[PDB]
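Two forms of the same protein chain are encoded below as structure tokens; each is given separately, as structure 1 and structure 2.
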Structure 1
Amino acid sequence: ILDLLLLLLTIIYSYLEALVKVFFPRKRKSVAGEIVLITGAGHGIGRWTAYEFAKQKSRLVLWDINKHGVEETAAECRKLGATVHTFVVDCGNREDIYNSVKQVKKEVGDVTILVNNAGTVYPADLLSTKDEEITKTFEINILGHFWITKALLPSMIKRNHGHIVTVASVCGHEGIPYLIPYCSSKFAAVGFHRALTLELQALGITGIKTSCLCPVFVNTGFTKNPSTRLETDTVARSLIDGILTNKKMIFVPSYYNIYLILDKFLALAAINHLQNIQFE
């Protein structure tokens, strides 16, 4: 541990020095006039992402099972100057999503930015979880991503223009005890974004971008406490910056991309390779 701590310290110094050389102005795009669909926008990350998009002069479409919350979000987005359309949609229900997309096309148009934010969690050890909760976790956290993307993606492919934002979590990269189904569904969300990015690239679709939001514990009341001993508005600012600069893997806070490559390289020769493989 004495020589291992000093090897990781020298690693982190040169990693935050490489990201500082490449740091020269990344181009910020305009999302003004774009049709943005935000799922789970009735509170937290979704609600504040909607406010960020409202300031950005985007056309908003807000989805959520909570009718009151989504209307409260739309009211404040309209105060910001944006046009907003709210839909009470269960984003874990394939039928509901497909029918609601028919409504969105009729009342608003063809969605150009999709933010798969809606999510659920039922904290418990595996043998205390209920099957009903496990299935519901997968339905909202990943299966729903498939049906909404499948519905909205044809028009994006037609116009060679779109952005699929997958709100996952640090959970999609590292496990957490007592959150097995949730971590699994979040790992599936990272996978979905990953394979989608490679399939879009393989198909030659140059105009559809992808982003993956992986924040640590956020004070939104989603869960009562963090697993290891971050404000909602900060994560919204981090996500909007990522989207506007076409960042594929957005970590909140950014420096967590480093902590993740500190557990994965945790034999002595595993960190040893990550040294000379990086400084070139």
Structure 2
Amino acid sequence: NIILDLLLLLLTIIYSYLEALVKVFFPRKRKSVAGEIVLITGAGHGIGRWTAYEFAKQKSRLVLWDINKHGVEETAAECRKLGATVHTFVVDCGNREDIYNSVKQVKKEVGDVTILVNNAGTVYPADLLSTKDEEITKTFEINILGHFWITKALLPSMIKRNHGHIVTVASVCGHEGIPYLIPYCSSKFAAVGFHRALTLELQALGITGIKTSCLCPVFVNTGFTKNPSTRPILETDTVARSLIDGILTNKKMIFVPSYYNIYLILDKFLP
């Protein structure tokens, strides 16, 4: 217990310092996203909202979607103060029909989205037998099925121009199971799979201009879930910074904190 704490803590410093060393010695080049049409779902609060702020500083043209009218317009007001041109829409990102109709409006009002951030998410923590079936369905409808309908609507223009970036906001819950989050983990594993199979298909289809990134943070202080009872302290602006740095550098799998990948590599060796 004292031995395994000091063992993994040393690697939380070893992997982290090794990465910050390679990041200066052999760096990945940063692209520009200025003037790109960025659509962010769940832009009304938390990660989506702070990702919208990063894109506003990057000089992108923003399209913000959310079911919360007040929340998304509040993010847009901050983005406009940052100097960005912003369009907001009230869209249920778990509703296939609402998504398609809103994509026609985005096309007519702004133009063709070049960067899609599938951020909107839901969760109803409970043990399997305490979950409501309506909750399981909502979780899948928003966390994964919505990613299909939005990507399918926006991908044809990106393919035609051979230029785009599909950003999947998953979780470390898409890599490991967590108790009381069975429907949620399952939907997040589905998001990781969509990103992986999408990357491989574009490659197989000879589509070189469309990039893919998958954001996998640990618990974040956004109010999305109730703070763990007794238990890595992660703030919203840190996650939004990690995501923007990942997108600009065309990084496929963005773990937040980046060192979290050692636990994932370790699990693939355990008895």
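Shifts are known only where both forms have a C-alpha. Here, residue number means position along structure 1's sequence, counting from 1. Whichever C-alpha set is largest while still superposing within 1.5 Å between the two forms counts as the rigid core.
Of the listed residues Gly204, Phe23, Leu127, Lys106, the one positioned at a hinge between rigid parts between structures 1 and 2 is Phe23; the rest lie more than 12 positions from any hinge. Put simply, the smaller rigid part swings 172 degrees relative to the larger one between structures 1 and 2, by C-alpha superposition.
Core-aligned Cα shift between structures 1 and 2 at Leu16: this is 3.8 Å. Once the rigid core is matched between structures 1 and 2, the CA atom of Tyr259 is found 1.2 Å away. Listed in sequence order, the runs of 3 or more residues present in both forms whose C-alphas shift by at least 2 angstroms between structures 1 and 2, with the core superposed, are 1-23, 226-228.
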